[PDB]
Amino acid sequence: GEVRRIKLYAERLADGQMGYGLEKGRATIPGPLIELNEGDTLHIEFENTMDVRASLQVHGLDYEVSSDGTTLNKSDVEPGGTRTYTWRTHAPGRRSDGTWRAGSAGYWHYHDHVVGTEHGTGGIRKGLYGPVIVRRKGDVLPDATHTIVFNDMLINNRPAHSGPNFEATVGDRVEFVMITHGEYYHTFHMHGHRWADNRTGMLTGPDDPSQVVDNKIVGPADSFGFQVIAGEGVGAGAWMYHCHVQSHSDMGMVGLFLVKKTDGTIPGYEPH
């Protein structure tokens, strides 16, 4: 268990939106990926560079009420203010009552809780969300991690039919973190690939009875993730991922997972 520190800034972006960044003027949507091992503590020295109050609230990880990031617990940040948020994590283990204490490991996320409303409705809509992965000892690490956020009817706040697209080579181990926000339920689908509906997205062995799926219903603040072997059994190609709610895909909730051959080529495709 490391004690770790990062800087985080909330920034209003040059278009209407709001993003978290590791440096001033470097905010992105989704915000930066934070990755911790069970047992790690992370102290986030957060600065609200904006002219309205903003905060940081995390799902899944251990935090005290002073890092709730809510007005209820007086832990939002005033305009131009600073505040150190502290996230802890723990490994699993046996309690003295005999029961098993679940570890912090999983696919989690952080978001604003005071911009617009006391639930972060405006901050979330504008782009103040990001992914957090907590790894258990032994967990398989990927070649790349891509984050896909279905925020109301947009993916990663991109306009309709404007990606994001993600590139990989055949055989790469690719991790996806899939988070949902806002008002609507969605169904996440990926062509050509499938995963297990469990903590890691991967079956533990022949005895794991988890459902293997390629389509999953998700609502606001749900998060899951998985790893696939890019192109496994299916080959290189533009593999669409999309919400499968028919009007949402028609409205533009679609992107591409472009899986290239080891020569860098891909079968020809005709994007929107």
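The first residue of the sequence shown is number 1, and the count goes up from there.
Q | Mean C-alpha B-factor comparison - 145-153 and 110-118, higher one | A | Averaging CA B-factors over each stretch, the winner is 110-118.
Q) On average, which has the higher Cα B-factor in the deposited entry, 31-39 or 243-251? A) The deposited B-factors put 31-39 ahead on the C-alpha mean.
Q. When the CA B-factors of 58, 50, 203, 218 are compared as recorded in the entry, which is the largest?
A. Answer for 58, 50, 203, 218: 50, with the highest C-alpha B-factor.
Q: By the entry's C-alpha temperature factors, tell me which of 173, 126, 136, 94 sits highest.
A: Most elevated C-alpha B-factor of the set, per the entry: 94.
(Q) By the recorded C-alpha temperature factor, relative to the other modelled residues in its chain, which third is residue 167 in? (A) Middle third - that is where residue 167 ends up once the chain's C-alpha B-factors are sorted.
Q. Of the three thirds of its chain by CA temperature factor, lowest, middle or highest, which one includes residue 158?
A. According to the entry, residue 158 has a C-alpha B-factor in the chain's highest third.
(Q) Is residue 222 in the lowest, middle or highest third of its chain when residues are ranked by C-alpha B-factor? (A) CA B-factor rank for residue 222: lowest third.
Q. With respect to C-alpha B-factor, does residue 214 fall in the lowest, middle or highest third of the chain as deposited?
A. For residue 214, the deposited C-alpha B-factor lands in the lowest third.
Q) What third of its chain, lowest, middle or highest, does the C-alpha temperature factor of residue 140 fall into? A) Residue 140: CA B-factor falls in the middle third of its chain.
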